[PDB]
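Coming up are structure 1 and structure 2: the same protein chain in two forms, each one given alone as C-alpha cells.
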Structure 1
C-alpha cells in the first residue's frame, strides 16, 4: 500500500543478518511475511514463520563447532540450518525455562532444561542475540 514502507521494521546488520522491530500489526505482518517468502533464502526452513532475527553463528559441540544459520521466528522458534548443504539441522527448544546469556561480545549461550547451546558470533553482536531472544521470551511468557 502506498506509504506503508514495511522495510521500516527491518534492521540489517550484514547481507545474511537482520533483526525486526516487534510492534507491527497483524496486517503489516502479512506484508513482512510476503517479503520474506519472496526474498529470504532461508524461508524454506522456518515453517512459514516470520523471521524476527537471523544470522550466522558457530555452534560449539564436542571439541569443535559447526557454522549454522540461526533463525529466531514467531512461535517462537530458534531454527538452525547448515548454510552450505541447505538443510535444517535442528531447533533450540522453547519453553518458559529457556534463558539466553551473553558471556561477551562474541559468545552467547541458550540454556534449556536438558542442554545449554553454546554459540559464537565473530561479528561481535552476541549481546544483540541475547537481547532479542530475551525480548521474545518476555513477549511469549509474560503478559
Structure 2
C-alpha cells in the first residue's frame, strides 16, 4: 500500500506529511526521499516532514531559502542558488511558531526570532506542522490540557 496517502504536495518544490505513518511506512517515505528528493543531501538523512520556499528577512531584501522541517526534530534552511546549507533554527522547548498573517510567520527562539515570508500564502500550514512536531516532542500526551 502506497505511502502517497501521507503526502500532500503543495507545488513543485513543496510538500507536507501527515505524521501518522508506521515505521515500515517511514522506511518507504525515506526511500522515496533518498532516491528522488534533491534536498536530501542537506538534512542529515532525516525524514523531511515539510519543505518549501520561504523569504527570510535579512538586510534590505529577503533571501529565498528552502526550509525543511524534519525528523529529529530540525528546521534546516538551504540556499537554493549556491546549493548550500545556510543554517538551522535551533529546537528547544521554548521554540514557538507564530502566524502573523496568511504569508508571514515567525519562529521564536531564545536568542533570535526568524522572520519568514511564505510566497505561496501558506504560513498557517507551516505553523501548524511545526507546532504538531513540537507537541509530539515536548508533550507526553499532546491531547491533554496540561502534562
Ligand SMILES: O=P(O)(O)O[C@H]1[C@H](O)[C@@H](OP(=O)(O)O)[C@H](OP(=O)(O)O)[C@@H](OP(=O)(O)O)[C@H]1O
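Only the largest set of C-alpha atoms that superpose within 1.5 Å between the two forms is called the rigid core. Numbering follows the first chain given and starts at 1.
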query: Number of the structure representing the form solved in complex with this ligand; finding: 1
query: Rigid core fit between structure 1 and structure 2: Cα deviation of residue 14 in angstrom; finding: 0.3
query: Per-residue CA shift, residue 122 (Å; core superposed between structure 1 and structure 2); finding: 1.7
query: After superposing on the core, C-alpha shift for residue 61 between structure 1 and structure 2 in angstrom; finding: 2.0
